[PDB]
Amino acid sequence: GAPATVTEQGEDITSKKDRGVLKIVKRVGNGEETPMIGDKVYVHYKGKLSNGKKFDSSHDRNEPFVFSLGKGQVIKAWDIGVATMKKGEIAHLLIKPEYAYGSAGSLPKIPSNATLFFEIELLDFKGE
Ligand SMILES: COc1cc([C@@H](C(=O)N2CCCC[C@H]2C(=O)OCc2cnn(CCO)c2)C2CCCCC2)cc(OC)c1OC
């Protein structure tokens, strides 16, 4: 499935090169520009735990998910990943626990040492 394809073909977009965040572009976006730190960013996404026990979607609540890039408002993997994305881009990320909820997890929703998978669409970004 999509997670396995990322684990095999996905590009390592971490600075440390520890394969903590792997990316595949699934639909190529418009323009050359990607968002800067501090940009207000608008996305739709679907996400799941590797263990299969929890799934989440913006689409579920039908409304775009909005956050300020690079401010740690989301897990580190998103600050890294969404910064590589162009407007209109859809991407897959596979994320080791160190770039998500770590050894502590975020119980009861996320267990300790969880791997996460996301499908993300970058709708738009604006400068603060
Ligand atoms: C850990 O808590 C959460 C995790 C997540 C999901 C998640 O891990 N993320 C949500 C989308 C942004 C990336 C990442 C995250 O940073 O979640 C924490 C988060 C949720 N909202 N925000 C901004 C508001 O402070 C940050 C997670 C994906 C795996 C399947 C179960 C849920 C969604 C949540 O609310 C919808 C959430 O509760 C606040």
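Residues numbered from 1 in each chain as written, not as in the entry; some residues may be left out. Heavy atoms only, no water. Residues with missing side-chain atoms left out of burial classes, pairs and counts.

- What the entry reports as its method is X-ray crystallography, with 2.000 Å given for the resolution.

1. Thoughts on the overall build of the chain
No. 1: If you tally the helices and strands in the chain, you get 2 helices and 7 strands.
No. 2: Counting helices and strands in the order they occur from the N terminus, the chain gives α-β-β-β-β-β-α-β-β.
No. 3: By the compact-globule yardstick of 14 Å for 128 residues, the chain fits well, its C-alpha radius of gyration being 14 Å.
No. 4: A principal-axis box enclosing the C-alpha atoms of the chain has dimensions of 35 × 30 × 25 Å.
No. 5: Long-range contacts, defined here as pairs at least 24 residues apart, represent 63% of the contacts in the chain between residues at least 6 apart. (Helix = DSSP H or I, 4+ residues; strand = E, 2+ residues; numbered from the N terminus. Rg over C-alpha atoms; globule rule 2.2 N^0.38 Å. Contact = heavy atoms within 4.5 Å.)

2. Description of the pattern of salt bridges
No. 1: With a closest N to O distance of 2.7 Å, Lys 23 and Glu 89 form a salt bridge. Of this pair, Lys 23 sits in strand β2 (residues 21-27) while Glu 89 sits in the loop between α2 (76-82) and β6 (90-95), and the two are 66 residues apart along the sequence. (Salt bridge = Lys/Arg side-chain N within 4 Å of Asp/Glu carboxyl O.)

3. Regarding unusual backbone geometry
No. 1: Here the bond from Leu 107 into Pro 108 is cis, since omega is 5 degrees, no more than 30 degrees from zero.
No. 2: Tracing the backbone shows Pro 108 in the loop between β6 and β7 (116-126).
No. 3: Unlike most non-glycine residues, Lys 17 shows phi in positive territory, near 55 degrees.
No. 4: The phi torsion at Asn 113 lies on the positive side, around 65 degrees, for a residue other than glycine.
No. 5: The residue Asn 113 is located in the loop between β6 and β7 in this model.

4. Let's talk about the environment of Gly 81
No. 1: Relative to the assigned elements, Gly 81 resides in helix α2.
No. 2: Note: C-alpha distance between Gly 81 and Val 21 (60 residues apart in sequence) is 7.6 Å.
No. 3: What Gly 81 contacts, discounting residues up to four positions off in sequence, is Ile 13 and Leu 93.

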